[PDB]
Amino acid sequence: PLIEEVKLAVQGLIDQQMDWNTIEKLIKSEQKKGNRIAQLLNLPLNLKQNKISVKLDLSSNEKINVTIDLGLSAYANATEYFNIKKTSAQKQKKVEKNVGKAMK
Amino acid sequence: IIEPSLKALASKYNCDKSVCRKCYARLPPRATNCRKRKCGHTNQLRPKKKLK
Amino acid sequence: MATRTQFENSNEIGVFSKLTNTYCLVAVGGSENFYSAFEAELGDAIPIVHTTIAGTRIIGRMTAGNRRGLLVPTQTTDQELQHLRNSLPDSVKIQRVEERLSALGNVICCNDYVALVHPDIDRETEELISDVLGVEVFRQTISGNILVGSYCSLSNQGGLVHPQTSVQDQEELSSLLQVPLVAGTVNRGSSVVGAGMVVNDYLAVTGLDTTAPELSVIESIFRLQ
Amino acid sequence: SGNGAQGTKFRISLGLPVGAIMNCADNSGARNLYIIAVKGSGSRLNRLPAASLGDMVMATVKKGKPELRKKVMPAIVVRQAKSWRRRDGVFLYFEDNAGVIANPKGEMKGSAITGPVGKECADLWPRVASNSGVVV
Amino acid sequence: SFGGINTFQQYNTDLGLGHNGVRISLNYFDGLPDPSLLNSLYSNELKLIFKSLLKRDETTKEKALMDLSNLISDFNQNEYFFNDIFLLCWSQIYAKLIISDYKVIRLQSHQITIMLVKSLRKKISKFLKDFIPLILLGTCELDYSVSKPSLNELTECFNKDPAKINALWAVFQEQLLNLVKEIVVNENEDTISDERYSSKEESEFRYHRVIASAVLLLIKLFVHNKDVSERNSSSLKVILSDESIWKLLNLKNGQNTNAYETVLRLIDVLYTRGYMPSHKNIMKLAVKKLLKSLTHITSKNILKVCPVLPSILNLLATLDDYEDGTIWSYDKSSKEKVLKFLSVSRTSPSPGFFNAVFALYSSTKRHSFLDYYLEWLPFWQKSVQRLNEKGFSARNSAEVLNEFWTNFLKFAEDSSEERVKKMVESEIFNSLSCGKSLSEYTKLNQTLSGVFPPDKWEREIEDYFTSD
RNA sequence: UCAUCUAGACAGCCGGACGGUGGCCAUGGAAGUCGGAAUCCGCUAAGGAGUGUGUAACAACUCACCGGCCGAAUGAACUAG
RNA sequence: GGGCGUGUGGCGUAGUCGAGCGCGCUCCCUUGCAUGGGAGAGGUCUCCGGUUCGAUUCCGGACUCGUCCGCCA
Ligand SMILES: [Mg+2]
Ligand SMILES: [Zn+2]
């Protein structure tokens, strides 16, 4: 849900037809003034590919940086990361089928 | 931004049409054949390409 | 203010306008923005005259102006001379100059007190300048540039000169004119500063492509704050 | 002319066809300009594209400094020497053909102009009027 | 017509300058009017004017402002147009407008606001709290041209009652201070001006100019309200603590010494108030900057910094008096800086500069900051000697030389040394010998009579007749 | 050549379009609708272990089926003048 | 214009889908009519896509080079 709040915030700033660098400066200023929604964001924004990046706590003090598409839901981005996981497994099985004949 | 209802009303006349593949004619969205003679009233129609 | 203005796209305002303390002259073929800049900034205290000199839209390079007097070339017609006589206040004196170089804005760089001229002007024209303008005259070149009016912008407070000017020439001209001078550029690096802009005691008007450091140099040397 | 024109120009009698060599009036170190093209000229069979006063041309430096030779550059005609009529009906002419070097936007490569220039050129190009000594 | 929502501002819940429920901020990124609010505006014509105001290009901005002004002029026709919604929006944009580089924009913006209040008198009261500080900042700006007309207009708005103008200072003092605080602490030069279209310089120049206006505002505020220091101490401490005001005092570079002069006046005011004594650390911070300033003053820029110097010296005397040249005490190199400064100052002497120097001397001798015979007297001799070279080729130098003599005679009376008196006599004769016109400087000559005794001068005449 | 048809057909409106059951595998999830197989009953006038939209999965909407109005022919595929 | 083939280290050159040698010179050792020896550096295998598990290697396209054939009375 908090990722959806961050997305709604960035999309509301986008829908004002505001300049991207001014949006990044607004994120920096609100991070300095201690807004949580701003402080969850990482500043090199990929608005050219409609993608933001967000910091999530690994343990419920280390934070991980995850890229979120603005045109899909947060659950839909999670399903994309699951899909990239699932495609990686099939290539690994193809490698395991390769190993014996290749090394022979 | 126009308004949502007003965008719908303008897109009813500008965007919700069909295009004949042979002669590029702008056609009614529920049409089955082109109304033009030069393509021979063909049934090769496609939806008009939307944005987004 | 150094006011950003164009003459229909032209970033050279000194070519198409002549600004003194007492009056202003603008070309007849001008845009609404170009007239509105002088009308808003100058106000109703200072007359603005739409004029043509010798049948030409260029008036700043054709004429040399002062608060006490105005100099016009020989080719200026009687209708233009009478219109300037009616539109101008009674204080200023308008006198035709009969001289071969004939482009007085290019030839003469002048202010209220002291003037720089082309070295090769005629002695009768020098005495005519000293009479009508009431201004002491020096024949000097700015680092070998004979067109001192085109290559210098001068006011009472200070002066802007050509960028490629020798420093020794800078203190020599500064001591000769009794004003501080700065070498600088106008209109995104154009060398012709006097053709680039017009200035007086409280206003400077320049082209739109004049950058912010150049505008800061202008307001610093002319003390417009 | 074309792009860098400040206003329009009345028709001046054309005096400089392709292949004409004119004096180089400015202080850029070039001695003469050789006209190979006229900007804005039309198309007719066998007709040479000719230039008048105030026109922008394409020219090469035939005689002058070697960094100016052997390349094409824009030029502006400032003295015509073929007599033309104004709308006040005086027929006037200089005694030589002369032009200056410029970029495609029209600002001068040089810094000062020797000799007179025409008012039909000085009104149309402000940089030429800026560096011009006498305008007639 | 207008789309998008200011969600981030909502998370903040900060009204900035505004007391009407709208964040008002000088910075470009935030405080822009809400799209929903913009939609609410009464007429399409107004909406367009606002959109144009948002756009970056100046010509468009000006055009829009001119249009807005015209609408205000026909108030009766457009009274419906002007509404609280309009006011909320205007206020948000007005702040950004006042910081605009272009003078016309600032002037017009101020004029518009004043006009609105005059027409909407007693209907703008909720919004007055936001507007008055801003209007005042315009009336108190370093540029005379923006400030003076604004001031005249403000007076007309309140029916030319001086008391009302003063009342504004008193009534909105809390608000005014808040504005000053926001510029000084909340703001940064980068926040004020967008980096892509502005260089590191200029942006720097701009922040300084705005802050300078804020300092000017503070001075008037202190003068108007005596208890302002006591009521606003916590905030004042914060404003003072920030290094920004202190950064303003740089003469090393920068076009205007006008800004520098303003800071000195503030420091002077603080000492007079006793606020600087109240927070000694703050006074020390200011003192250190003053020391840095002395280094900045240099021969290369002496011509540029010369008008400002007498003022620096007079202030220095007053500050030194506090805590026994305590100001000098903080810096081990204060003397070293003074020595360098003296040499630089002597090379070019401002009119009245020497009178200031003597006042500093009056202060210095009591705390013995400087050795008079080795340093003070000789430096002065060097200065008059330099003036003697500068005999009076240029204007005023004549006044300065006479002025120096008046000061030098006072310097000698204090010296009480035979060598010093002898040196003075030699210099006096030499000055006359170098020549000038006694008649031209007749007033100076009347002052000059003391150096050669009246009877001695008659004897002097006999010696002169004897001269070949 | 297949089908439907005064025991009410095809268009057009309006209403329902349900339970066992989130049927079995498989997935971090997939409940009619990512796929693999099966694809059966009840209540019925009638409703697919689903025609699409559809959500992370739901929810929701629509379908092909049955009903009121209409009262009589109509739908699909193909052939050749 | 068209066809056919070609492209490897600073240079030349070997490549069956699983980049070596020689020459230039880096260093060291070792010598009159100045050698030899030993460890070195050196490639986006012309480039871009697909196949494979991995392409110098297979395929498609582009660039480049080299050959061959081509206007009239
Ligand atoms: Mg031919
Ligand atoms: Zn068709």
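Calculation notes
Per-chain numbering applies: from 1 upward along each written sequence, possibly unlike the entry's numbering, with residues missing coordinates excluded. Chain letters and ligand numbers both follow the written order, the letters beginning at A and the numbers at 1. Only some chains of a larger assembly appear here, and every value describes just that portion. Excluding hydrogens and water, the side-chain figures rest on all heavy atoms present in the structure. Residues with missing side-chain atoms are left out of burial classes, side-chain pairs and their counts. Any residue with a heavy atom lying within 4 Å of a molecule or strand is counted as near it. Polar contact criterion, stated in full: a pair of N or O atoms within 3.5 Å, where within protein one must be able to donate a hydrogen and the other to accept it, and residues adjacent in sequence count only if both atoms are side-chain atoms. Residue type decides the class: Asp, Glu, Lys and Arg count as charged, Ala, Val, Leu, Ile, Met, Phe, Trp, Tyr, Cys and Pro as nonpolar, and the leftover types, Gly among them, as polar. When DSSP locates at least two bridges between a pair of strands, those strands are taken to pair. Strands here are runs of E lasting at least two residues and helices are runs of H or I lasting at least four, both read from the DSSP assignment and numbered beginning at the N terminus. We call two residues in contact whenever any of their non-hydrogen atoms come within 4.5 Å of each other. An axis is simply a line fitted to the C-alpha atoms; with a helix, the fit covers only the stretch in contact. Between two such axes, the angle follows the N-to-C directions and lies from 0 to 180 degrees. The rule for donors is simple: an N, O or S atom within 2.8 Å of the metal counts, and for Na, K and Ca the reach is 3.2 Å. Water is not among the atoms, so a site may look short of donors. In these descriptions, tetrahedral denotes four donors with every angle between 85 and 135 degrees, square planar four donors and octahedral six donors with opposite donors over 155 degrees apart and the rest between 65 and 115, and irregular any other case. Just so you know how the angles are binned, under 35 degrees is roughly parallel, over 145 roughly antiparallel, 65 to 115 roughly perpendicular, and the rest oblique. To estimate the expected span of a helix, subtract one from its residue number and multiply by 1.5 Å. Here a cavity is any set of points on a 1 Å grid over the protein atoms alone where a 1.4 Å probe fits but cannot get out, and a pocket is any open set with protein on both sides within 12 Å along at least 5 of 7 lines; a residue lines the site when it has an atom within 4 Å of a point. Grid points are joined across faces, edges and corners, and a volume is the space filled by probe spheres set on the points. Here the term right-handed applies to a crossover when the path leading from its first strand over the helix to its second strand runs clockwise, the strands being oriented away from the viewer. Salt-bridge detection follows one rule: a side-chain nitrogen of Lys or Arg within 4 Å of a carboxyl oxygen of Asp or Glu. Nonpolar core, defined: a set of buried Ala, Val, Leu, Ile, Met, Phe, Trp, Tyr and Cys residues in which side-chain atoms within 4.5 Å join the residues together. Three labels apply to residues, based on accessible area from a 1.4 Å probe with only protein chains included: buried if under 20% of the type maximum, exposed if over 50%, partly exposed otherwise in between. Stacked, edge-to-face and tilted are the three classes for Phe, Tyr and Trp ring pairs, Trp counted by its six-membered ring, which pair at centre distances within 6.5 Å; planes under 30 degrees apart are stacked, over 60 edge-to-face, the rest tilted. By the criterion adopted, a ring carries a charge over it if an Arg CZ or a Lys NZ lies within 6 Å of its centre and within 35 degrees of its normal.

- Regarding how it was determined, this PDB entry cites cryo-EM in its header, along with a resolution of 2.6 Å.

Here's the deal with the protein's contact with RNA strand F
Residues and elements named next belong to chain A.
No. 1: Taken together, the residues surrounding RNA strand F are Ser73, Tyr75, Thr79, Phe82 and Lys86.
No. 2: Counted by atom, the contact set of RNA strand F within 4 Å of the protein is 30% sugar and phosphate.
No. 3: Here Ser73 contributes a side-chain N or O atom positioned 2.9 Å from a phosphate oxygen of RNA strand F.
No. 4: Here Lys86 contributes a side-chain N or O atom positioned 2.8 Å from a base oxygen of RNA strand F.
No. 5: Each residue belonging to the surface near RNA strand F can be placed in one class, and the counts come to two nonpolar, two polar and one charged.

Topic: the sheet that holds strand β8 (residues 109-110) of chain C
All names here are of chain C.
No. 1: Taken in spatial order, the three strands make up an open sheet running β8-β9-β10, and their pairing is mixed. Across the chains shown, the open sheet's two edge strands, defined by having one partner strand only, are β8 and β10 (136-139).
No. 2: Strand direction decides the pairing type here: β8 and strand β9 (residues 114-117), joined by two bridges, are antiparallel. Its bridge partner lying in β9, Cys109 is registered against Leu116.
No. 3: Against the sheet, helix α5 (residues 123-132) engages β9 and β10, with an angle of about 145° to β10.

Some details on the coordination of the zinc ion (ligand 2)
No. 1: The zinc ion (ligand 2) binds to the protein through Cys20(B) (SG), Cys23(B) (SG), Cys34(B) (SG) and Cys39(B) (SG), with metal-donor distances spanning 2.3 Å.
No. 2: Classification of the site at the zinc ion (ligand 2) rests on its four donor atoms, whose angles at the metal span 102 to 117°, yielding the label tetrahedral.

With respect to the packing of helix α10 (residues 162-171) of chain E against helix α11 (residues 173-186) of chain E
All names here are of chain E.
No. 1: In the contact formed by α10 and α11, the axes pass within 5 Å of each other and the chain directions differ by 65°. Relative to α11, the element α10 is oriented roughly perpendicular. Note on element contacts: α11 touches α10 through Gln173, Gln175 and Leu176, opposite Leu168, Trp169, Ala170 and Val171.
No. 2: Here the residues of the contact of α10 with α11 are counted per class, giving five nonpolar, two polar and no charged.

A short note on helix α23 (residues 334-347) of chain E
No. 1: Across its 14 residues, α23(E) extends 20 Å between first and last C-alpha, which sits within 8% of the 20 Å expected from 1.5 Å per residue.
No. 2: Next to the buried residues of α23(E) lie α19 (280-296), α20 (302-305), α21 (308-321), α22 (326-330), α24 (353-367) and α25 (372-389) of chain E.

Side note on empty space enclosed by the protein
Residue and element names in this part refer to chain C.
No. 1: Approximately 360 Å³ is the volume attributed to the largest cavity.
No. 2: Lining the largest cavity we find 29 residues, and of these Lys18, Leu19, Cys110, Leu154 and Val199 sit closest to its centre.
No. 3: Elements represented by at least two residues in the lining of the largest cavity include exactly β2 (17-19), β5 (64-65), β8, β11 (153-154) and β14 (198-199).
No. 4: For the lining of the largest cavity, the element with the most residues is β2, which contributes three residues.
No. 5: Residues belonging to the lining of the largest cavity are distributed by class as follows: ten nonpolar, 14 polar and five charged.

Quick notes on the interface of chain D and chain C
No. 1: Across the contact, 16 residues belong to chain D and 28 residues belong to chain C.
No. 2: Within the residue set of the side of chain D that touches chain C, elements represented by two or more residues are α1 (119-122), α2 (126-131) and β9 (134-135) of chain D.
No. 3: Split into classes, the residues belonging to the side of chain D that touches chain C amount to six nonpolar, seven polar and three charged.

Description of the pairing of strand β7 (residues 93-96) of chain C
Residue and element names in this part refer to chain C.
No. 1: Strand direction decides the pairing type here: strand β6 (residues 69-72) and β7, joined by four bridges, are parallel. Each bridged residue has a counterpart across the sheet, and for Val72 the counterpart in β7 is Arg96.
No. 2: Crossover connection from β6 via helix α3 (residues 78-87) to parallel β7: handedness right-handed.

Considerations on the pattern of salt bridges
Pairs can form between side chains of opposite charge whenever their charged atoms are close.
No. 1: In this structure the tally under the stated criterion is 28 salt bridges over all chains.
No. 2: Across the pair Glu107(D) and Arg127(D) runs a salt bridge whose closest N-O atoms are separated by 2.9 Å. On the criterion of sequence distance, the pair formed by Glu107(D) in the loop between β7 (98-101) and β8 (116-117) and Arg127(D) in helix α2 is long-range, its members being 20 residues apart.
No. 3: A salt bridge links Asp320(E) to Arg366(E); the shortest N-O distance between them is 3.7 Å. One end of the pair, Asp320(E), is in helix α21; the other, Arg366(E), is in helix α24, and 46 residues separate them in sequence.

Let's talk about the sheet that holds β7(D)
Pairing between the strands of a sheet is mediated by backbone hydrogen bonds and can be parallel or antiparallel.
All names here are of chain D.
No. 1: Taken in spatial order, the five strands close into a barrel running β1-β2-β3-β4-β7, and their pairing is mixed. On average, each strand axis in the sheet is inclined to that of its neighbour by 55°, with strand direction left out of account.
No. 2: Where strand β3 (residues 56-63) lies against strand β4 (residues 72-79), five bridges are found, and the strand directions are antiparallel. Its bridge partner being in β4, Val57 is matched across the sheet by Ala75.

Some remarks on the nonpolar core
No. 1: Residues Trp90(E), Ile245(E) and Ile297(E) are the most contacted members of the largest nonpolar core, which totals 142 residues.
No. 2: Counting residues per element, this core draws most heavily on helix α13 (residues 200-224) of chain E, which supplies twelve residues.
No. 3: With residues near it in sequence (within four places) discarded, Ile245(E) still touches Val184(E), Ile211(E), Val215(E), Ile239(E), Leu240(E), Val263(E) and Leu266(E).
No. 4: Membership of the second largest hydrophobic core comes to 54 residues, among which are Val15(C), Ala54(C), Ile12(D) and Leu92(D).

Details of the packing of aromatic side chains
No. 1: Taken as a whole and judged by the stated rule, the model has 32 aromatic pairs over all chains.
No. 2: Summarising the aromatic geometry, the rings of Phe7(C) and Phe16(C) are spaced 4.1 Å apart at their centres and angled 15° between planes, so their arrangement reads as stacked. In this structure, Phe7(C) and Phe16(C) share a single accessibility class: buried.
No. 3: Here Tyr42(E) and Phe81(E) contribute two aromatic rings whose centre-to-centre distance is 5.3 Å and whose plane-to-plane angle is 45°, an arrangement assigned as tilted. Of the two residues, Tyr42(E) is situated in the loop between α2 (35-39) and α3 (44-54) and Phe81(E) in the loop between α5 (75-78) and α6 (84-98); the sequence distance between them amounts to 39 residues.
No. 4: Here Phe81(E) falls in the buried class, since its relative accessible area comes to 15%.
No. 5: Counting every residue linked through ring pairs, the aromatic cluster contains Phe353(E), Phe354(E), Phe358(E), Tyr361(E), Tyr372(E), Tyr373(E), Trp376(E), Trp380(E), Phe404(E), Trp405(E), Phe408(E) and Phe411(E).
No. 6: We note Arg87(D) situated over the ring of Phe10(D); from NZ or CZ to the ring centre the distance is 4.0 Å.
No. 7: Across from the ring centre of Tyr197(E), 3.8 Å away, lies the NZ or CZ of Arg56(E), which sits over that ring.

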